[PDB]
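These notes are about the structure you will find just below.
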Amino acid sequence: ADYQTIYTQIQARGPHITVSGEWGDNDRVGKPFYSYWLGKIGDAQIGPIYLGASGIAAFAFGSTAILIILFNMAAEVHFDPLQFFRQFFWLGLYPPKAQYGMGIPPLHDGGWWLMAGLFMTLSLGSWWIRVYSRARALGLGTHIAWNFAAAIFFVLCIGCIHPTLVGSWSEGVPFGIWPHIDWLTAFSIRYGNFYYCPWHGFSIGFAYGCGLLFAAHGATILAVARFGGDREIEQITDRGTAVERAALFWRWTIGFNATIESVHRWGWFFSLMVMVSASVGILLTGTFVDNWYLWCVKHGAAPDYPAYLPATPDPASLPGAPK
Amino acid sequence: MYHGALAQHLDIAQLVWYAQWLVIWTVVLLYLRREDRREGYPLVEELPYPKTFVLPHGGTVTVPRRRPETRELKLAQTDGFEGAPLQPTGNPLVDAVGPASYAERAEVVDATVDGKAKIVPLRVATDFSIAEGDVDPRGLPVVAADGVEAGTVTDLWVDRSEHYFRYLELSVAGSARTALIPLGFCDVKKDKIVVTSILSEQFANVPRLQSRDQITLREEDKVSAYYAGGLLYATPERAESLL
Amino acid sequence: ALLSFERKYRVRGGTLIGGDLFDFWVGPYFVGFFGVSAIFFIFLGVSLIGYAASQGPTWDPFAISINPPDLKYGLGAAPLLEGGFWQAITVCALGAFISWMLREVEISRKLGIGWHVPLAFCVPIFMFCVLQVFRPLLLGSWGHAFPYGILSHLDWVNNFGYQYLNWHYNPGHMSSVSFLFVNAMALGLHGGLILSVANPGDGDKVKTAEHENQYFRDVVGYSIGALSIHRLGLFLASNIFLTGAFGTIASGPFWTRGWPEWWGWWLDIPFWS
Amino acid sequence: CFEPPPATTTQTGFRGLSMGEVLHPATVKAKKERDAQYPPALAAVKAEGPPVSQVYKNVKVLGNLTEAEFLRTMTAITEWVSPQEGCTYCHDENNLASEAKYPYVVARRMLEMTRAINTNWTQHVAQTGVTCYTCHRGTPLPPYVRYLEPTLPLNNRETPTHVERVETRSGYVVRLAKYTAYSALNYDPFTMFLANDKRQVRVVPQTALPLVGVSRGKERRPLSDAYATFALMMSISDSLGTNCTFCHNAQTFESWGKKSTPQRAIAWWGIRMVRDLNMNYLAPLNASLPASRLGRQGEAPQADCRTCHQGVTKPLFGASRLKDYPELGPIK
Ligand code: BCL
Ligand code: BCL
Ligand code: BCL
Ligand SMILES: C/C=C1/c2cc3[nH]c4c(c3C)C(=O)[C@H](C(=O)OC)c4c3nc(cc4[nH]c(cc(n2)[C@@H]1C)c(C(C)=O)c4C)[C@@H](C)[C@@H]3CCC(=O)OC/C=C(\C)CCC[C@H](C)CCC[C@H](C)CCCC(C)C
Ligand SMILES: CC(C)=CCC/C(C)=C/CC/C(C)=C/CC/C(C)=C/CC/C(C)=C/CC/C(C)=C/CC/C(C)=C/CC1=C(C)C(=O)c2ccccc2C1=O
Ligand code: HEC
Ligand code: HEC
Ligand code: HEC
Ligand SMILES: CC(C)=CCC/C(C)=C/C=C\C(C)=C\C=C\C(C)=C\C=C/C=C(C)/C=C/C=C(\C)CC/C=C(\C)CCCC(C)C
């Protein structure tokens, strides 16, 4: 067995390396320290971290959003500390309950929610600049930034684009552990069962697909760690037996295979598509589909089942029934 | 009237469904599956135009490689059937066939970002050490699959780019040499390093390095492959059925 | 037929059972004893699906469904058309899965690599068994298992959740979902990183292992490492089902109320009630 | 934290839909024992004699009974409502025709309410019906009532904690939660849906595409309505000690026919019945009950599903006294 694939038997220590970026070298902060136990299942060095204007801006905008949320939560328990701590999961910051359309809602009924959302959006945008600019500073491709962009875009879809397209801030996601959860069901119910949204299915296949691919890829690299398969950049530019055996394991199993470079394209694509699929689904929801189940019924796709208990007429349709 | 309704019994969500499928299959079949063919092709016994990488330390490479030389395989076919397995004609560990196979990697030293040799023994990497609390294997006996002492650990080889030990170096008992072994083939105990991949005698033919204090990408391949070959070839029983 | 680097690896050996008998290739695919048994179970399973499906009211892929028995049949045999086909197909599914896994072990051995992938493949097989075998046994009827149909199996998942009022509050579910999310996120990060290093853009130099660790130290103040991200990835993915399994098997056998109410253990502690 | 096996499970939909009840035997046992306390019917009495409209001075509703029959009903009522206090809960001991005590006037109206339920709402109560006991369970104040704000504990025979008290504002979210099966849904489904007939429980479209004129901006219902409906349904579920699949195939909540069970239609009639009881019999009693019975907005206690059902899909597991007391309905 390869014990190294479980944990690092013998850890190494060294002078810490700093690779210069085109700018911002002076804005790296912190004294690096070494954790023995972390060192068994990752690199032992924690820190330093890069600051920079966009990272700072992210913390300022994001902390503001979080402060607005937490303060409104505390009010919901009338500023009792014990109850705040107890009831925390049930507390939340809600979008407008009344229909004011796209008018900016009153503070007590949606206005604080909208404000926290504005600051969260600024925080996300700021962090994206960081993720993008750091790559450019280090002469790296912007693969991570563009994947991140899609995730941000999905958040904007459920947060303000769908609300804007159907014209009501009431459709947005609340802030809160259970309350943002409650929205999932409310939204699915309203639009006719999200199991019947095809983009929900696409998103799920890709989400499950990322599970499959990282289990398979992670396991594969561990399995060829004996040949240094983890050194994947130089395995790309100079194929080693690690990735020859990896390719052949899969070729012999499923009849075809990837390369050490291309498997990362598959993973990146699958990841991306969870968010691209979700976004399109949300954008079609409410705008051009009001009931996904009935949309499937329209197109003849929905499964049907025999009666078990006897069919039940809608009593609201019966003669002389009350309203 | 309905939002999203079009001519016929047709609607917009319906149209986007076909577009979605088209995009996915185009990406998969016309791009991703072509990126999959940058190594191992053309087959022997649909392809993208070549990709060229500018290397970090001078020079370029274009993949897949065309090597100016190719190796002669000491293998015999077991039958005339197209899909029949091959069979080693000699010692498969030294001949490097099957799981003892290595790749024709560059005979260049893997480098650090600042251009120094990446994989080096601690006698060269004097600014590196083993973390407090972990076993220092130097001076410990190496015990092979047959329970015989094959040698004594003389050094560790560290990756200076990732701060990660990748090989032990041991004096081979009765053969006036040292051999490297990847740490994946070592079970590190307090008083010994256990190696079940090969028998004690088989340490004698581990591929040798050209220089004592550095190692090339091909040499790393050769060394790693040798022990892997042992998993199937160390003894006659290992090539046979488990049950 | 062979990849350019394939021939040297095409040796005999690494089998669990059979010996040389099944130790050969059919095109790119390795066979082995478990390749034979895999094809056997697959052929048998697909045949049963076809025979059962012809007896139904539709050939539409979305609408076809092969369902388990009524609850009242318990853990016994059921008539072929009233749940028996389901029972047989289930057996074939399990045989194919386990065969596939063991075949991968034989291929690992031949290649001189670790058995990480087949071990990983035991996870989704394990979860299937939790859904179709272990939970139904505990509840006392095969009829609690999910049906085999493209859209119908979604209706099962859906009703099952709502039987416990709000399944989102299921604590094993919360863990399962968290792992689904973090894994997909980590795959995007990792895939993106490796491509960003090998494809710097323009005509720039490919970067380094040092650059990898610098990027993530800069962005989040920590980089886990090249090998370690492959251990982490496998751990995160696996735990989608390893943790999920607890929430699935708890629902019914160990809990019959709605899931939100479960959290009363915390909410209803006397001292803050 | 958890409940031990084995579990009682039923099937309420086609095999392989996972529709059906999931019950804990110990819980069902406790409830069966509690409901078994229902006093048995009083023995039959003499059918011949003058009607009490002749014999007695101030009989308005039960005037056609014979004296024996009438006094039997008085005894039954006492058992069901005020067994510990006896006749004098409602009566001036020295003048039985006097309406001087508030319980008397309320009780007359409750006789009318009960007869109305068993006559006019058989689409819900069927031949099972209700007696005073169904709600009261042997006390003047029924154990499961609602005010125009959430209250805890759900059972008013239980002593409240400080935080459970309606005056303690920090406990509001929990009072809301425990009425919607512990969900964090921020809606009171009682006042929203059961106190009156103002709101529409249905929230899902019956068209595949969005209908023009109802689908944009201020034409739209707010999504809040979908949360509020879900809150009522969590409350309904808990009050009947069941789950959604007792009434719906979750495939399509909004569909009837093979997608709903017979129980769902009965429940529909139940919502209409509750609204009649509240609007026309219970709410107006605030004029007749003392200040000490009223809520903080001057409201009389009112009824929801739990009032009768008390955690079971059928009240008292379907126990009936209908044949034993024809004077409680159905009325010819
Ligand atoms: C408890 C949770 C549920 C469940 C809840 C859901 C939900 C929710 C959704 C799905 C969806 C899917 N599920 Mg499911 N699903 C469950 C168990 C299964 C099992 C099984 C053997 O147990 C299988 C084969 C499937 C298969 C499927 C696919 C039809 C679909 C996409 C998955 C995907 O891309 O994954 C990753 C794998 C890949 C990317 C590789 C490609 C795999 C291909 C697509 C599998 C095709 C199998 C097909 C049905 C043929 C069966 C074999 C025949 C005999 C030939 N599910 C369990 C019971 N499933 C999605 C959908 O769109 O439904 C129609 C979806 O939204
Ligand atoms: C009863 C409820 C419904 C339901 C309601 C919904 C609704 C509504 C939606 C989904 C969506 C999805 N559902 Mg669903 N879903 C149900 C059942 C399922 C089942 C199942 C087995 O039954 C599965 C596998 C899924 C799976 C999924 C996901 C794959 C999919 C995408 C969401 C996602 O990845 O977000 C996880 C990722 C994110 C949220 C991205 C976050 C990224 C950002 C950048 C991170 C920022 C962090 C930052 C630090 C935070 C700062 C905040 C501070 C305040 C400042 N659903 C049932 C039927 N589901 C989504 C979808 O695809 O719709 C088409 C969606 O909108
Ligand atoms: C109202 C409905 C419910 C709901 C009801 C359920 C129920 C019930 C269950 C889950 C479970 C899960 N839910 Mg859910 N879930 C809901 C909302 C969500 C949301 C969301 C965004 O709101 C998300 C992200 C999820 C996500 C998830 C998953 C993480 C989790 C595990 C799925 C699984 O077991 O697959 C299983 C997949 C398999 C078993 C696949 C097996 C594959 C085999 C080994 C290979 C097959 C080979 C194939 C046939 C080959 C074909 C040949 C071709 C050539 C390829 N759910 C809502 C609230 N969910 C499960 C869980 O773990 O609960 C804790 C579960 O039991
Ligand atoms: C956490 C663990 C994750 C994970 C991990 C891994 N996943 C692996 C490996 C690892 C490590 C591999 O080693 C192996 C592989 O080779 O990689 C390509 C594999 C594989 N993952 C597949 C599907 C897959 N993974 C899913 C989930 C996860 N994967 C989770 C997320 C899901 C979901 C989510 O639904 C699906 C659909 C196949 C492509 C492949 C098996 C092929 C097979 O075993 O051949 C043998 C079996 C057949 C060829 C078919 C048998 C026909 C039966 C008898 C008749 C059908 C009956 C059936 C029940 C009807 C259902 C229909 C209805 C639901 C509509
Ligand atoms: C004809 C006959 C009866 C023959 C008998 C012999 C026999 C047993 C034949 C098998 C026949 C059967 C049943 C074939 C079906 C095989 C299957 C299950 C095919 C499904 C293909 C699917 C859906 C795969 C899903 C995963 C997916 C999206 C993969 C694409 C990306 C790839 C190829 C990832 C694999 C891959 C990974 C994960 C690496 O880490 C890695 C590292 C270094 C080099 C290469 C690789 C590599 O190729
Ligand atoms: C309420 C909770 C009551 C209890 C307990 C008892 N009685 Fe009653 N009684 C009640 C009402 C509302 C009425 C009027 C109903 C009507 O039909 O109009 C009555 C009426 C009587 C009468 C008729 C007297 C008359 O008007 O002449 C009698 C004789 C009577 N009640 C007797 C009685 C006895 C003996 C009781 C206990 C042993 C008893 N009542 C309890 C309300 C309630
Ligand atoms: C629910 C479905 C009920 C049925 C059936 C009957 N009663 Fe009732 N009653 C009910 C409520 C919710 C209330 C208000 C709470 C309260 O106790 O005030 C009542 C009230 C009365 C009272 C007044 C009690 C008091 O506060 O002193 C009486 C005397 C009374 N109810 C009697 C009564 C009788 C005799 C019934 C049937 C013959 C009857 N009630 C039916 C709820 C319900
Ligand atoms: C009866 C025994 C029911 C149980 C248990 C649950 N529901 Fe229900 N639901 C029921 C009825 C009679 C109605 C219609 C009310 C009316 O005025 O006609 C409903 C309604 C819903 C809806 C809305 C349907 C619509 O068209 O908009 C939903 C979305 C719904 N119910 C969901 C639901 C859930 C999730 C349940 C358990 C958790 C649940 N219901 C229980 C009857 C009954
Ligand atoms: C101490 C540690 C380190 C940090 C603490 C974290 C903490 C306690 C946070 C607060 C409590 C918690 C956990 C809350 C959780 C909330 C969750 C999970 C919320 C989830 C989702 C919320 C979403 C998607 C909200 C989205 C909102 C938007 C997209 C808004 C967009 C708004 C605009 C575009 C405004 C423009 C219009 C203009 C006219 C005003």
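In the structure tokens, chains take the letters A, B, ... in the order shown, each chain's residues start at 1, and ligands count up from 1 in the order shown.
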
Note to self: I'd like the contact shell of residue 106 of chain D - 10 Å cut-off, only C-alpha atoms, skipping same-chain residues fewer than 2 positions apart - returned as a list in words.
What the structure shows: residues 90, 99, 101, 102, 103, 104, 108, 109, 110, 111, 112, 281, 282, 285, 286, 287, 288 and 289 of chain D

Checklist line | Long-range neighbours of residue 324 of chain D as a PyMOL selection string, 10 Å cut-off, only C-alpha atoms, 2 positions minimum in chain | finding: chain D and resi 40-44+320-322+326-328

Notebook entry, point to check: What is the atom CA of residue 260 of chain A-atom CA of residue 219 of chain A distance in Å, reported with one decimal?
Noted result: 13.6 Å

What are the nearest atom pairs, with distances in Å to one decimal, for all residues of chain B that come at most 10 Å from ligand 5, using only C-alpha atoms and all ligand atoms, set out by chain and rising residue number as a Markdown table?
| residue | atom | partner | partner_atom_place_in_ligand_line | distance |
| --- | --- | --- | --- | --- |
| B:28 | CA | ligand 5 | 30 (C) | 8.9 |
| B:32 | CA | ligand 5 | 31 (C) | 8.5 |
| B:33 | CA | ligand 5 | 30 (C) | 8.4 |
| B:36 | CA | ligand 5 | 33 (C) | 7.6 |
| B:39 | CA | ligand 5 | 44 (C) | 9.2 |

Next item on the list: Go through the chains and note each residue within 7 Å of ligand 2, using only C-alpha atoms and all ligand atoms, then give the set as a VMD selection string.
Entry: (chain A and resid 62 to 63 65 to 66 120 123 to 124 148 151 to 152 154 to 155 158 184 to 185 187 to 188 193 to 195 197 199 to 200 203 to 204 207 274 to 275 277 to 282) or (chain C and resid 157 to 158 181)

Check: Can you tell me which residues sit at most 8 Å away from ligand 7, counting only C-alpha atoms and all ligand atoms, written as an NGL selection string?
Finding: :D and (77-78 or 80-82 or 89-90 or 102-108 or 110-111 or 113-114 or 117 or 130-136 or 140-142 or 144-146 or 277 or 282 or 285 or 289-290 or 293 or 300-303 or 307-308 or 328)

Note to self: Just want the residues within 6 Å of ligand 9, written as a ChimeraX atom specification, counting only C-alpha atoms and all ligand atoms.
What the structure shows: /A:66,69-70,114,117-118,121,155-156,159-160,173-177,180

Output N, CA, C and O atoms of each residue in that selection to a file, as an mmCIF file, in the first residue's frame.
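For reference, result.cif as written:
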data_model
loop_
_atom_site.group_PDB
_atom_site.id
_atom_site.type_symbol
_atom_site.label_atom_id
_atom_site.label_comp_id
_atom_site.auth_asym_id
_atom_site.auth_seq_id
_atom_site.Cartn_x
_atom_site.Cartn_y
_atom_site.Cartn_z
ATOM 1 N N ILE A 66 -23.196 41.719 6.362
ATOM 2 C CA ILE A 66 -23.344 40.804 7.494
ATOM 3 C C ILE A 66 -23.824 41.540 8.762
ATOM 4 O O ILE A 66 -24.656 41.038 9.522
ATOM 5 N N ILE A 69 -27.495 42.216 8.418
ATOM 6 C CA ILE A 69 -28.245 40.973 8.609
ATOM 7 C C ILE A 69 -28.337 40.645 10.104
ATOM 8 O O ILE A 69 -29.445 40.457 10.639
ATOM 9 N N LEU A 70 -27.180 40.585 10.770
ATOM 10 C CA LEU A 70 -27.111 40.199 12.188
ATOM 11 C C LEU A 70 -27.902 41.118 13.093
ATOM 12 O O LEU A 70 -28.539 40.667 14.034
ATOM 13 N N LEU A 114 -32.937 44.453 0.869
ATOM 14 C CA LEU A 114 -32.419 44.990 -0.406
ATOM 15 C C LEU A 114 -31.053 45.650 -0.223
ATOM 16 O O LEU A 114 -30.154 45.480 -1.064
ATOM 17 N N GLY A 117 -28.322 43.108 0.352
ATOM 18 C CA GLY A 117 -28.068 42.504 -0.931
ATOM 19 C C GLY A 117 -27.187 43.343 -1.837
ATOM 20 O O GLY A 117 -26.303 42.822 -2.540
ATOM 21 N N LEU A 118 -27.435 44.647 -1.842
ATOM 22 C CA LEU A 118 -26.562 45.577 -2.547
ATOM 23 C C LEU A 118 -25.090 45.427 -2.079
ATOM 24 O O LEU A 118 -24.174 45.305 -2.896
ATOM 25 N N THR A 121 -23.473 42.133 -3.028
ATOM 26 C CA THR A 121 -23.117 42.170 -4.462
ATOM 27 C C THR A 121 -21.806 42.935 -4.691
ATOM 28 O O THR A 121 -20.958 42.507 -5.462
ATOM 29 N N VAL A 155 -25.982 33.614 -8.448
ATOM 30 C CA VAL A 155 -26.443 34.346 -7.270
ATOM 31 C C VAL A 155 -27.285 35.601 -7.671
ATOM 32 O O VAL A 155 -28.337 35.889 -7.063
ATOM 33 N N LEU A 156 -26.822 36.321 -8.696
ATOM 34 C CA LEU A 156 -27.523 37.508 -9.191
ATOM 35 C C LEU A 156 -28.848 37.160 -9.816
ATOM 36 O O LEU A 156 -29.791 37.943 -9.749
ATOM 37 N N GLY A 159 -31.192 36.443 -6.945
ATOM 38 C CA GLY A 159 -31.189 37.585 -6.048
ATOM 39 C C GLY A 159 -31.903 38.821 -6.567
ATOM 40 O O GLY A 159 -32.653 39.476 -5.816
ATOM 41 N N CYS A 160 -31.653 39.154 -7.838
ATOM 42 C CA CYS A 160 -32.240 40.357 -8.440
ATOM 43 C C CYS A 160 -32.629 40.291 -9.919
ATOM 44 O O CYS A 160 -33.463 41.075 -10.349
ATOM 45 N N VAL A 173 -34.292 35.738 -2.344
ATOM 46 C CA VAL A 173 -33.926 34.792 -1.310
ATOM 47 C C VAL A 173 -33.731 35.545 0.014
ATOM 48 O O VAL A 173 -32.978 36.496 0.069
ATOM 49 N N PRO A 174 -34.382 35.127 1.094
ATOM 50 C CA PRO A 174 -34.069 35.718 2.411
ATOM 51 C C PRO A 174 -32.666 35.377 2.942
ATOM 52 O O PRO A 174 -32.107 34.366 2.561
ATOM 53 N N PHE A 175 -32.109 36.218 3.811
ATOM 54 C CA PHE A 175 -30.880 35.896 4.558
ATOM 55 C C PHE A 175 -31.271 35.161 5.843
ATOM 56 O O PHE A 175 -32.147 35.612 6.570
ATOM 57 N N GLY A 176 -30.621 34.037 6.131
ATOM 58 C CA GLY A 176 -30.925 33.250 7.334
ATOM 59 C C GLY A 176 -30.760 31.772 7.037
ATOM 60 O O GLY A 176 -30.923 31.342 5.888
ATOM 61 N N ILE A 177 -30.438 30.994 8.076
ATOM 62 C CA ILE A 177 -30.141 29.577 7.898
ATOM 63 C C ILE A 177 -31.403 28.894 7.374
ATOM 64 O O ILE A 177 -31.448 28.507 6.207
ATOM 65 N N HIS A 180 -33.575 30.979 4.301
ATOM 66 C CA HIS A 180 -33.128 30.864 2.897
ATOM 67 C C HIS A 180 -33.459 29.459 2.379
ATOM 68 O O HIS A 180 -33.735 29.270 1.195
#

Next item on the list: Please identify which residues in segment 179-323 of chain D DSSP calls helix (DSSP H, G or I) from the backbone, and express them as a PyMOL selection string.
Entry: chain D and resi 189-194+217-219+224-239+244-246+250-252+262-287+291-293+305-309+315-318

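Residues of protein, DNA or RNA having any atom at most 6 Å from ligand 4, counting only C-alpha atoms and all ligand atoms, are residues 208, 211, 212, 215 and 216 of chain A; 41, 42, 45, 46, 89, 92, 93, 96, 97, 100, 117, 118, 120, 121, 123, 124, 148, 149, 150, 237, 238, 240 and 241 of chain C.
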
Keeping N, CA, C and O atoms for every residue in the selection just given, could you write it to a file as a short mmCIF file (atom, residue, chain, number, x, y, z; two decimals), in the first residue's frame?
data_model
loop_
_atom_site.label_atom_id
_atom_site.label_comp_id
_atom_site.auth_asym_id
_atom_site.auth_seq_id
_atom_site.Cartn_x
_atom_site.Cartn_y
_atom_site.Cartn_z
N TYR A 208 -23.75 16.21 -9.60
CA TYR A 208 -23.39 14.80 -9.41
C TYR A 208 -22.10 14.42 -10.22
O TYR A 208 -21.22 13.69 -9.75
N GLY A 211 -18.93 15.24 -8.52
CA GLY A 211 -18.67 14.21 -7.53
C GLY A 211 -17.96 13.03 -8.13
O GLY A 211 -16.93 12.59 -7.62
N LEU A 212 -18.51 12.52 -9.22
CA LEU A 212 -17.93 11.40 -9.97
C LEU A 212 -16.48 11.72 -10.39
O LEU A 212 -15.55 10.93 -10.12
N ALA A 215 -13.93 12.18 -7.42
CA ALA A 215 -13.67 10.85 -6.85
C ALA A 215 -12.73 10.09 -7.77
O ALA A 215 -11.68 9.61 -7.34
N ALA A 216 -13.11 10.01 -9.04
CA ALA A 216 -12.29 9.31 -10.06
C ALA A 216 -10.87 9.91 -10.27
O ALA A 216 -9.88 9.18 -10.25
N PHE C 41 -24.45 -10.05 -16.29
CA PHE C 41 -25.47 -9.30 -15.51
C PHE C 41 -26.09 -8.17 -16.30
O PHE C 41 -27.30 -7.94 -16.18
N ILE C 42 -25.28 -7.47 -17.09
CA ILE C 42 -25.78 -6.37 -17.92
C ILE C 42 -26.77 -6.90 -18.96
O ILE C 42 -27.90 -6.41 -19.07
N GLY C 45 -29.90 -7.97 -17.16
CA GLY C 45 -30.62 -6.81 -16.66
C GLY C 45 -31.35 -6.04 -17.75
O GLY C 45 -32.52 -5.68 -17.60
N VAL C 46 -30.64 -5.81 -18.85
CA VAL C 46 -31.18 -5.06 -19.98
C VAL C 46 -32.30 -5.83 -20.69
O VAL C 46 -33.28 -5.23 -21.17
N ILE C 89 -34.24 -7.19 -11.61
CA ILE C 89 -33.39 -6.15 -12.18
C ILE C 89 -32.43 -5.60 -11.12
O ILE C 89 -31.25 -5.35 -11.40
N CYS C 92 -29.55 -7.94 -10.70
CA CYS C 92 -28.66 -7.77 -11.84
C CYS C 92 -27.82 -6.51 -11.72
O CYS C 92 -26.62 -6.52 -12.04
N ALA C 93 -28.45 -5.42 -11.26
CA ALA C 93 -27.77 -4.14 -11.05
C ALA C 93 -26.60 -4.32 -10.09
O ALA C 93 -25.46 -3.91 -10.40
N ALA C 96 -23.77 -6.44 -11.62
CA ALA C 96 -22.99 -5.66 -12.57
C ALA C 96 -22.06 -4.67 -11.86
O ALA C 96 -20.87 -4.58 -12.19
N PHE C 97 -22.58 -3.96 -10.86
CA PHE C 97 -21.78 -2.97 -10.13
C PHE C 97 -20.55 -3.62 -9.46
O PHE C 97 -19.40 -3.18 -9.66
N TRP C 100 -18.05 -4.83 -11.93
CA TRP C 100 -17.33 -3.68 -12.49
C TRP C 100 -16.21 -3.24 -11.57
O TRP C 100 -15.10 -2.92 -12.01
N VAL C 117 -9.29 3.84 -7.03
CA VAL C 117 -10.50 4.04 -7.82
C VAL C 117 -11.58 2.99 -7.54
O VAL C 117 -12.72 3.36 -7.26
N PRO C 118 -11.26 1.69 -7.61
CA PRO C 118 -12.30 0.74 -7.24
C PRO C 118 -12.81 0.90 -5.79
O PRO C 118 -14.01 0.75 -5.53
N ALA C 120 -13.01 3.75 -4.20
CA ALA C 120 -13.87 4.92 -4.34
C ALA C 120 -15.21 4.52 -4.94
O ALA C 120 -16.24 5.07 -4.56
N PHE C 121 -15.18 3.58 -5.88
CA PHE C 121 -16.40 3.14 -6.55
C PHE C 121 -17.31 2.36 -5.62
O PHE C 121 -18.52 2.27 -5.87
N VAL C 123 -18.30 3.40 -2.87
CA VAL C 123 -19.15 4.41 -2.21
C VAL C 123 -20.54 4.54 -2.85
O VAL C 123 -21.56 4.41 -2.17
N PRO C 124 -20.60 4.81 -4.17
CA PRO C 124 -21.90 4.93 -4.79
C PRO C 124 -22.68 3.60 -4.81
O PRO C 124 -23.93 3.62 -4.76
N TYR C 148 -37.38 2.06 -11.18
CA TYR C 148 -36.45 2.27 -12.28
C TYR C 148 -37.16 2.97 -13.45
O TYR C 148 -37.79 2.32 -14.26
N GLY C 149 -37.08 4.29 -13.50
CA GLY C 149 -37.62 5.08 -14.63
C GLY C 149 -37.04 6.48 -14.62
O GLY C 149 -36.83 7.07 -13.53
N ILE C 150 -36.79 7.03 -15.82
CA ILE C 150 -36.08 8.31 -15.93
C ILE C 150 -36.74 9.42 -15.12
O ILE C 150 -36.06 10.07 -14.31
N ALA C 237 -15.85 14.26 -2.19
CA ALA C 237 -16.80 13.57 -3.06
C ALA C 237 -17.44 12.38 -2.33
O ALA C 237 -18.65 12.28 -2.25
N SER C 238 -16.59 11.51 -1.77
CA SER C 238 -17.05 10.32 -1.06
C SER C 238 -18.05 10.66 0.04
O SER C 238 -19.05 9.96 0.23
N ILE C 240 -20.24 12.92 0.24
CA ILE C 240 -21.58 13.23 -0.22
C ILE C 240 -22.49 12.07 0.20
O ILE C 240 -23.54 12.28 0.80
N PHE C 241 -22.05 10.85 -0.08
CA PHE C 241 -22.85 9.66 0.19
C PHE C 241 -22.55 9.06 1.58
O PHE C 241 -23.47 8.50 2.20
#

Next item on the list: Tell me the residues of chain C close to chain D, meaning within 8 Å using only C-alpha atoms, as JSON, numbers by chain.
Entry: {"C": [67, 68, 69, 70, 71, 138, 139, 143, 144, 145, 146, 147, 152, 155, 156, 158, 159, 160, 162, 163, 164, 165, 252, 253, 254, 255, 256, 257, 258, 260, 261, 262, 265, 273]}

Next item on the list: Please identify every residue of chain B that has at least one atom no more than 6 Å from any atom of chain A, counting only C-alpha atoms, and report them as a PyMOL selection string.
Entry: chain B and resi 3-4+35-36+102-103+128-131+134+163-164+184+224
